[PDB]
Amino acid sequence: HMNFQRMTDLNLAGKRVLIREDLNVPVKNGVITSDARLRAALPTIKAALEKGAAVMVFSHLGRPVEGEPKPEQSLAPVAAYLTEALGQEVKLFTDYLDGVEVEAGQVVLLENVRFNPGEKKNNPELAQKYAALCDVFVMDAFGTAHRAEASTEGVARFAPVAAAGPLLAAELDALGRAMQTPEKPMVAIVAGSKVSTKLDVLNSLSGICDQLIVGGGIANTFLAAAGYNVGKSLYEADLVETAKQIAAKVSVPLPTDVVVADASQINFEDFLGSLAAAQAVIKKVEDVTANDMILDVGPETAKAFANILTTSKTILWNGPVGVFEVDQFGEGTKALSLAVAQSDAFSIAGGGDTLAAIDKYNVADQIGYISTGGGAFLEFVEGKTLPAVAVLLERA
């Protein structure tokens, strides 16, 4: 367990509580198109209210230019959402840097922090103005924890008390359970188009994992590292030697069979289209020709991965093992998703492709923790020091 203060453990009676949330919702013509991020932050706001706190919520929205506010990036529709959802008037304040009025039991929404000069640069003066508004700072937005900014890092530095919200706390706990002395055997699944893009991820997990399952373009590069022909498969020739060294440092299981398509049927002007129309072929891993494209793992490999995942007691899931968007190259990922879900191992998943796989094969219930951290999620797995988490450690 890691040592930082948590909002839920604090008495907030009569205290001014400033909560950093991720309310960056998609907006079209002043209407919120998806409220998933809102429904996620709501229990935190309600918990603060049930504790007799005076709640201030602020957030970033879109990519506006600091000092040039535009209506299209205003949190106004979010304030209206919070009003209907909480049953009280949630006012939006546009000029709050020199003080904002809030009483016990009510909620105020401060305007987009991206409107404020010095925000991106973690300006000390701006951070102090933030901190002066509260008795307790609560960081509840993990997806932004990997950047050092005025509303995510600096405010925690100058606030009287700095703590982690329930969302952040749940994320760090789940990540710690997998990254800090996990129960062995520890297996991670790492997939993507390029080894280079997830190189730090691979090297980091190489030290933590007992076995390292790879998928997609990454898997093809490791496959080439084992001396096999990959034909016209997607892989990185310049990182074959690096993958080779990794496979020597940690156990990287290699497919015994694969699903390929012939490149004469692939038009990259419309890749997904020509992939669905193409003829899928199951072949032995050594029977791959010069014009072949590996697009999924075969039936035998899928069982082999499953046994590994059934035996492990800790799973980190970051990617599919084939182009599952098209069904004929999706059996590998379907089998993998079922293997992770039914393993008594504690399983943690992260990354867009992973979540898409979880949604498609309906195994969300059976995943230990599903992270929405994105880039922040990967940087933690990389072993890097997320600025927003580190300051919370210093203030706790």
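Numbering starts at 1 and runs along the sequence shown.
- Remark: stretch with higher mean C-alpha B factor among 300 to 308 and 158 to 166 is 300 to 308.
- In this entry, 202 to 210 has the higher mean Cα B-factor, the comparison being between 170 to 178 and 202 to 210.
- As recorded in the entry, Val363 carries the highest CA temperature factor of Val57, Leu355, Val363, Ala40.
- Ranking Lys121, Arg114, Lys184, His146 by Cα temperature factor from the entry places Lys184 first.
- For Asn11, the recorded CA B-factor ranks within the highest third of the chain. Only modelled residues enter the ranking.
- Sort the chain's modelled residues by C-alpha temperature factor and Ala247 lands in the middle third, per the entry.
- Placement of the Cα temperature factor of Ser347 within the chain: middle third of the modelled residues, per the deposited record.
- Placement of the Cα temperature factor of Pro69 within the chain: highest third of the modelled residues, per the deposited record.
- Ranked within its chain, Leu239 lands in the middle third, by CA B factor from the PDB record.
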